[PDB]
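K.L.:
Got input.pdb for you, PDB, N, CA, C and O atoms:
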ATOM      1  N   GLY A   1     -20.703  -5.066   3.146
ATOM      2  CA  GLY A   1     -19.543  -4.824   2.332
ATOM      3  C   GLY A   1     -19.486  -3.401   1.838
ATOM      4  O   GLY A   1     -18.516  -2.999   1.195
ATOM      5  N   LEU A   2     -20.512  -2.635   2.140
ATOM      6  CA  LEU A   2     -20.572  -1.252   1.732
ATOM      7  C   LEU A   2     -20.604  -0.372   2.962
ATOM      8  O   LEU A   2     -21.257  -0.717   3.950
ATOM      9  N   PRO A   3     -19.883   0.747   2.967
ATOM     10  CA  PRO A   3     -19.974   1.705   4.051
ATOM     11  C   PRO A   3     -21.328   2.427   4.018
ATOM     12  O   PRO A   3     -21.470   3.523   3.471
ATOM     13  N   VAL A   4     -22.332   1.752   4.522
ATOM     14  CA  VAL A   4     -23.694   2.259   4.556
ATOM     15  C   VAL A   4     -23.920   2.936   5.907
ATOM     16  O   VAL A   4     -25.006   3.407   6.232
ATOM     17  N   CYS A   5     -22.887   3.012   6.678
ATOM     18  CA  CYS A   5     -22.991   3.548   7.989
ATOM     19  C   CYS A   5     -22.253   4.860   8.086
ATOM     20  O   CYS A   5     -21.206   5.045   7.459
ATOM     21  N   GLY A   6     -22.802   5.769   8.853
ATOM     22  CA  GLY A   6     -22.166   7.044   9.101
ATOM     23  C   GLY A   6     -21.426   6.992  10.415
ATOM     24  O   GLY A   6     -21.404   7.957  11.186
ATOM     25  N   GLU A   7     -20.789   5.873  10.636
ATOM     26  CA  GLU A   7     -20.109   5.558  11.859
ATOM     27  C   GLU A   7     -18.702   5.200  11.476
ATOM     28  O   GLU A   7     -18.495   4.506  10.470
ATOM     29  N   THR A   8     -17.754   5.677  12.213
ATOM     30  CA  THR A   8     -16.385   5.477  11.865
ATOM     31  C   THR A   8     -15.618   4.737  12.956
ATOM     32  O   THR A   8     -16.079   4.644  14.105
ATOM     33  N   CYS A   9     -14.486   4.183  12.582
ATOM     34  CA  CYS A   9     -13.603   3.528  13.513
ATOM     35  C   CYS A   9     -12.249   4.192  13.469
ATOM     36  O   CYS A   9     -11.787   4.608  12.393
ATOM     37  N   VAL A  10     -11.641   4.294  14.630
ATOM     38  CA  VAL A  10     -10.304   4.815  14.841
ATOM     39  C   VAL A  10     -10.026   4.818  16.354
ATOM     40  O   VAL A  10      -9.096   4.168  16.820
ATOM     41  N   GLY A  11     -10.856   5.518  17.107
ATOM     42  CA  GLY A  11     -10.767   5.491  18.550
ATOM     43  C   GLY A  11     -11.704   4.447  19.116
ATOM     44  O   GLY A  11     -11.373   3.722  20.071
ATOM     45  N   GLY A  12     -12.865   4.362  18.505
ATOM     46  CA  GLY A  12     -13.875   3.428  18.911
ATOM     47  C   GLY A  12     -14.061   2.347  17.880
ATOM     48  O   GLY A  12     -13.146   2.074  17.089
ATOM     49  N   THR A  13     -15.221   1.755  17.857
ATOM     50  CA  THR A  13     -15.510   0.665  16.975
ATOM     51  C   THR A  13     -17.049   0.562  16.813
ATOM     52  O   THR A  13     -17.797   1.368  17.395
ATOM     53  N   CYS A  14     -17.509  -0.368  16.015
ATOM     54  CA  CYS A  14     -18.932  -0.556  15.803
ATOM     55  C   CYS A  14     -19.348  -1.974  16.165
ATOM     56  O   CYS A  14     -18.705  -2.953  15.757
ATOM     57  N   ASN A  15     -20.405  -2.077  16.942
ATOM     58  CA  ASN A  15     -20.987  -3.356  17.344
ATOM     59  C   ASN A  15     -22.443  -3.341  16.877
ATOM     60  O   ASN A  15     -23.283  -4.159  17.274
ATOM     61  N   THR A  16     -22.706  -2.376  16.033
ATOM     62  CA  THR A  16     -23.968  -2.101  15.413
ATOM     63  C   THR A  16     -24.525  -3.366  14.712
ATOM     64  O   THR A  16     -23.802  -4.036  13.966
ATOM     65  N   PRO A  17     -25.782  -3.730  14.974
ATOM     66  CA  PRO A  17     -26.420  -4.893  14.345
ATOM     67  C   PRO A  17     -26.420  -4.791  12.820
ATOM     68  O   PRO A  17     -27.146  -3.974  12.234
ATOM     69  N   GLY A  18     -25.558  -5.559  12.188
ATOM     70  CA  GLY A  18     -25.482  -5.559  10.757
ATOM     71  C   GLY A  18     -24.344  -4.718  10.237
ATOM     72  O   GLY A  18     -23.921  -4.883   9.105
ATOM     73  N   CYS A  19     -23.820  -3.852  11.057
ATOM     74  CA  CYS A  19     -22.778  -2.953  10.625
ATOM     75  C   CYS A  19     -21.537  -3.157  11.474
ATOM     76  O   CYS A  19     -21.520  -2.869  12.677
ATOM     77  N   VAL A  20     -20.515  -3.670  10.858
ATOM     78  CA  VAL A  20     -19.299  -4.018  11.548
ATOM     79  C   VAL A  20     -18.257  -2.936  11.397
ATOM     80  O   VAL A  20     -18.365  -2.065  10.528
ATOM     81  N   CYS A  21     -17.260  -2.993  12.230
ATOM     82  CA  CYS A  21     -16.209  -2.021  12.225
ATOM     83  C   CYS A  21     -15.242  -2.298  11.105
ATOM     84  O   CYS A  21     -14.877  -3.453  10.843
ATOM     85  N   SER A  22     -14.853  -1.266  10.449
ATOM     86  CA  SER A  22     -13.903  -1.323   9.417
ATOM     87  C   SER A  22     -13.259   0.037   9.414
ATOM     88  O   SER A  22     -13.835   0.992   9.956
ATOM     89  N   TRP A  23     -12.090   0.132   8.899
ATOM     90  CA  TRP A  23     -11.412   1.380   8.867
ATOM     91  C   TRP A  23     -11.449   1.954   7.464
ATOM     92  O   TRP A  23     -11.315   1.211   6.476
ATOM     93  N   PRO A  24     -11.678   3.264   7.336
ATOM     94  CA  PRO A  24     -11.913   4.161   8.480
ATOM     95  C   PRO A  24     -13.405   4.273   8.868
ATOM     96  O   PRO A  24     -13.753   4.910   9.871
ATOM     97  N   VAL A  25     -14.257   3.626   8.100
ATOM     98  CA  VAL A  25     -15.692   3.730   8.270
ATOM     99  C   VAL A  25     -16.327   2.340   8.450
ATOM    100  O   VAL A  25     -15.878   1.366   7.838
ATOM    101  N   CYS A  26     -17.339   2.255   9.301
ATOM    102  CA  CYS A  26     -18.038   1.010   9.559
ATOM    103  C   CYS A  26     -18.853   0.592   8.328
ATOM    104  O   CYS A  26     -19.449   1.441   7.626
ATOM    105  N   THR A  27     -18.878  -0.690   8.071
ATOM    106  CA  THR A  27     -19.424  -1.211   6.857
ATOM    107  C   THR A  27     -20.586  -2.176   7.127
ATOM    108  O   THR A  27     -20.666  -2.815   8.189
ATOM    109  N   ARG A  28     -21.479  -2.263   6.173
ATOM    110  CA  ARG A  28     -22.615  -3.125   6.239
ATOM    111  C   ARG A  28     -22.792  -3.776   4.886
ATOM    112  O   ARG A  28     -22.885  -3.085   3.871
ATOM    113  N   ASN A  29     -22.747  -5.100   4.862
ATOM    114  CA  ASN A  29     -22.927  -5.904   3.636
ATOM    115  C   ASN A  29     -21.733  -5.732   2.673
ATOM    116  O   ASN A  29     -21.712  -6.256   1.566
TER     117      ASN A  29
END
Hey, can you dump this file as structure tokens for me?

P.N.:
Amino acid sequence: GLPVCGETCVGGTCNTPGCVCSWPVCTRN
């Protein structure tokens, strides 16, 4: 539920274990 990731979504997405895609930044927990 927190953007604990330095990964963003817009062109791509996140399939990161524990970190899901959210706009504009991927979120975890």

K.L.:
Neighbours of residue 23 of chain A within 8 Å (only C-alpha atoms; same-chain residues fewer than 4 positions away dropped), as a list in words?

P.N.:
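So the residues in contact are residues 8, 9 and 10 of chain A.
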
K.L.:
How many Å separate atom CA of residue 19 of chain A from atom CA of residue 1 of chain A?

P.N.:
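So the two atoms, atom CA of residue 19 of chain A and atom CA of residue 1 of chain A, lie 9.1 Å apart.
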
K.L.:
Per DSSP on the backbone, filter chain A down to the residues in strand (DSSP E or B) and report them as a ChimeraX atom specification.

P.N.:
/A:2,8,20,25,27-28

K.L.:
Could you check how far atom C of residue 11 of chain A sits from atom C of residue 27 of chain A, in Å to one decimal?

P.N.:
16.3 Å

K.L.:
What do you get, as a list in words, if you spell out every residue that the PyMOL selection byres ((chain A and resi 3) around 5) selects here?

P.N.:
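With the PyMOL selection byres ((chain A and resi 3) around 5) on this model, the match is residues 1, 2, 4, 5, 26, 27 and 28 of chain A.
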
K.L.:
Can I get a file of chain A from the given structure, C-alpha atoms kept, as a tab-separated table (two decimals), in the first residue's frame?

P.N.:
chain	number	residue	atom	x	y	z
A	1	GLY	CA	0.00	0.00	0.00
A	2	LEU	CA	3.06	2.20	0.08
A	3	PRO	CA	5.19	3.23	-2.89
A	4	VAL	CA	8.24	1.44	-1.52
A	5	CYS	CA	9.39	0.81	-5.02
A	6	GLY	CA	11.48	2.98	-7.27
A	7	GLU	CA	9.63	1.54	-10.19
A	8	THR	CA	7.01	3.38	-12.10
A	9	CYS	CA	4.10	2.60	-14.37
A	10	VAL	CA	3.00	4.43	-17.50
A	11	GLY	CA	4.58	2.65	-20.46
A	12	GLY	CA	5.36	-0.51	-18.60
A	13	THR	CA	4.16	-2.16	-15.46
A	14	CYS	CA	5.42	-4.09	-12.41
A	15	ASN	CA	5.21	-7.84	-11.87
A	16	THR	CA	7.72	-7.48	-9.08
A	17	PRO	CA	7.24	-10.02	-6.21
A	18	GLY	CA	5.37	-8.06	-3.60
A	19	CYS	CA	5.29	-4.86	-5.57
A	20	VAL	CA	2.36	-4.30	-7.85
A	21	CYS	CA	1.76	-1.75	-10.52
A	22	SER	CA	0.06	1.40	-9.61
A	23	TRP	CA	0.11	4.78	-11.15
A	24	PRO	CA	2.30	6.60	-11.31
A	25	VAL	CA	4.55	4.50	-9.07
A	26	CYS	CA	4.55	0.79	-8.20
A	27	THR	CA	3.39	0.05	-4.70
A	28	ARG	CA	4.13	-2.53	-2.04
A	29	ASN	CA	1.86	-3.15	0.97
